[PDB]
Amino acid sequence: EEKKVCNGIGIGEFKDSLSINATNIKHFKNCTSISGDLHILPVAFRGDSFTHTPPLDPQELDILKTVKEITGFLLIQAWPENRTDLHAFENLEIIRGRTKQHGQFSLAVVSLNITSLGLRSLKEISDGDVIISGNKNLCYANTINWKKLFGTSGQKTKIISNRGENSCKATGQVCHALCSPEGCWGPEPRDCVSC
């Protein structure tokens, strides 16, 4: 505690680094703000011989729990298979989108094994589009109203090739009985937007 601003991937000391990884992860201990972007990629869990990077222990992703704000974009293209949601980012409150994936996207979630997103603290995405893509076991994403998180005219979300709404319904994977029409990030009470 309290305020501690850290550089993100592809600026300052990480300017040549492709992903968060086993070598650089420690340097995020106790950051509350990222000044730039977070990239989370397959080479992180695989490791890489050419840059002498060891594989990353998934338990250490939990060092990102303190992070409340990212001034750039968040991009997750790999995640541990036995995590049902993005637990690490449960305290993320703001993605600004001052800088964007391919100039377009400020949040991007691509082909994970998750069954829910889990971003219960997310209240604002200031600029940039959202893309949730190819997550074959993901429910819940169509329940929230994204337009209420947006801050710039022209923001939209592409939610494509994910699990079907019908199959979620048949296995009781909908918002909890006590949520409001505002939707949820998961099956539990503590996951609804408004109470």
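The first residue of the sequence shown is number 1, and the count goes up from there.
TODO: Look over 166-174 and 132-140 in the entry and identify the one with the greater average Cα temperature factor.
DONE: Result: 166-174.
- [ ] Could you check which stretch, 157-165 or 35-43, carries the larger mean CA temperature factor in the entry?
- [x] Taking the mean C-alpha B-factor of 157-165 and of 35-43, the larger value falls to 157-165.
TODO: Taking the values exactly as deposited, rank residue 82 by C-alpha B-factor within its chain and report the matching third: lowest, middle or highest.
DONE: Residue 82: CA B-factor falls in the highest third of its chain.
Open item on the list: Which third, lowest, middle or highest, does the C-alpha temperature factor of residue 30 belong to within its own chain?
Closed with: It belongs to the highest third of the chain when residues are ordered by C-alpha B-factor.
TODO: Comparing against every modelled residue in the chain, figure out the third that the C-alpha B-factor of residue 146 lands in (lowest, middle or highest).
DONE: Middle third - that is where residue 146 ends up once the chain's C-alpha B-factors are sorted.
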